[PDB]
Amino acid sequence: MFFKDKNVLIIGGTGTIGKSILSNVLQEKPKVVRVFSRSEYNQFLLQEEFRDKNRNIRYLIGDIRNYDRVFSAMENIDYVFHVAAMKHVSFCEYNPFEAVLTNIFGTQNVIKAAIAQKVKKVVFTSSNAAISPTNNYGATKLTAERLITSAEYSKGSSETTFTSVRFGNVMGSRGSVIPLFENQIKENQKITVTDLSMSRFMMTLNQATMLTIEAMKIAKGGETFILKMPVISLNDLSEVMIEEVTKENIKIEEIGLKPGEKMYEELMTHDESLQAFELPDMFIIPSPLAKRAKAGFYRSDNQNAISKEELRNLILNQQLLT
């Protein structure tokens, strides 16, 4: 229905999530989709993969740090998926200003080009790290989320609607723990662990993709979407993983804790739970500037983690192994 005959930009289209959004949107036969990123090699690989489907896809090389390039990329465009970002906790500690240029300054650049190019809607892909952040990456997402909600509230005349979406661990994404364990087994027969008492809300690629695309379609403006998500144990994941890659003399090595890392991650602040709504599969938090959700602390701490066996089925079902 929704995207048929429209002009879409996907900023970060070579990344785990951008590629997933591309091909679902492509099924609605859109007039065009434009993939925006910095790295030619990754666009090269993208081009090849879409060999015979490539008529209605276009590949811009650009950096979201550069305004005039965001702007040109945003010409005659209806929908902007803003999915570019520095996502690694450690990299955004060792390089904390670099994290700012991409996540914060890049966001203002995206916002501002969307106002000027009279874009219809913009969907910002945030994280549960933005809640009560222990690290610079999360600080930059909390700032970016403030940037997006401000944009909506001070629009003025603009017809451009601004929205956020909020992820937890997208399972098996670029640089994530699941591929790194799968690799470290096969090659080294040694796993690299931080702290097995750690906790995370996690979610499938499609879960993350559908949230985002549903957001484009339903988004009113100034709101945040948070999917209802299962908690996963880092102990459970390590054992379930070491087992399933074998198809069992692996040495679990304890490396410690990467700078900034949070022991647990939270879907929303308690203060947000006070104004937040509850749908079947998802929460909606309206702009700070129709069913009520239960007030409280939605931590991964507080949730019964799914059991080793329920987790095992989840990995093998979504096929996160090469």
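When you see a residue number, it is the position in the sequence shown, counting from 1.
S.K.: Gap size between residue 289 and residue 290, counting deposited residues with no coordinates: none, 1 to 3, 4 to 9, or 10 or more?
M.R.: Missing residues, residue 289 to residue 290: 4 to 9.
S.K.: Please work out which of 228-236 and 137-145 has the higher mean CA B-factor as recorded in the PDB entry.
M.R.: Stretch with the higher mean C-alpha B-factor: 228-236.
S.K.: So which stretch wins on mean C-alpha B-factor, 190-198 or 216-224?
M.R.: Taking the mean B-factor of the alpha carbons in each, 190-198 is higher.
S.K.: Quiz for you: based on the deposited Cα B-factor, which of 262, 53, 69, 34 is highest?
M.R.: When the deposited C-alpha B-factors of 262, 53, 69, 34 are compared, 53 is largest.
S.K.: Whose CA atom has the top B-factor in the entry, of 281, 40, 272, 63?
M.R.: Within the set 281, 40, 272, 63, 281 shows the top C-alpha B-factor.
S.K.: Mind checking which third residue 204 falls in for C-alpha B-factor across the chain?
M.R.: CA B-factor rank for residue 204: middle third.
S.K.: Based on the entry's values, in what third of the chain does the Cα temperature factor of residue 160 lie: lowest, middle or highest?
M.R.: As the PDB entry reports it, the C-alpha B-factor of residue 160 lands in the middle third of its chain.
S.K.: Of the three thirds of its chain by CA temperature factor, lowest, middle or highest, which one includes residue 100?
M.R.: Its C-alpha B-factor belongs to the lowest third of this chain's values.
S.K.: Of the three thirds of its chain by CA temperature factor, lowest, middle or highest, which one includes residue 25?
M.R.: Its C-alpha B-factor, which the entry lists for residue 25, ranks in the middle third among residues of this chain.
S.K.: Relative to the other modelled residues of the same chain, rank the CA B-factor of residue 9 and answer lowest, middle or highest third.
M.R.: Its C-alpha B-factor, which the entry lists for residue 9, ranks in the lowest third among residues of this chain.
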